[PDB]
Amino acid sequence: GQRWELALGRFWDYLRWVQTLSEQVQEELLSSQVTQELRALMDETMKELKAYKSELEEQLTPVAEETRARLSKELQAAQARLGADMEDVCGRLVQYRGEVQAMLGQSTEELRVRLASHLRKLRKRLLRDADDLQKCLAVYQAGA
């Protein structure tokens, strides 16, 4: 369970609470809190993960540069997607803030079921490419 894994562990665990949309969620949701505590989650997972790839560059079992090239692209994009999705996820939580601060009272009720499946789609996305990241780091910690 790497520094990388426990981190996102926490992120994705927070994200599950946002996903519920109880009253404390929605109240963290119309101010600043959710996206920004989700920002400081997204970020520490990126850092520790950066941190682990940084380690494995010492443990490589070797082949000649056409591959030592590809070794970038494979991982770094995969990494980056994982980033990109948890950064675009805060997009959706900030455009919520908005579509409610649009509402002028009236009612989030319709919206919190919109908000909810678009979230569950996006979170299903973060999950896939974290799996795929789990995957590259491994054959990258192995050649194989």
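Residue positions are given as counts along the sequence shown, with the first one as 1.
Look at the C-alpha B-factors of 132-140 and of 11-19. On average they run higher in 132-140. Just going by the entry, 98-106 versus 112-120 on mean CA temperature factor gives the higher value to 98-106. For the set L56, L38, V63, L93, the PDB entry puts the maximum C-alpha B factor at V63. Per the deposited coordinates, the residue with the largest Cα temperature factor out of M86, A77, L29, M46 is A77. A69: CA B factor in the highest third of modelled residues in this chain (values from the PDB entry).
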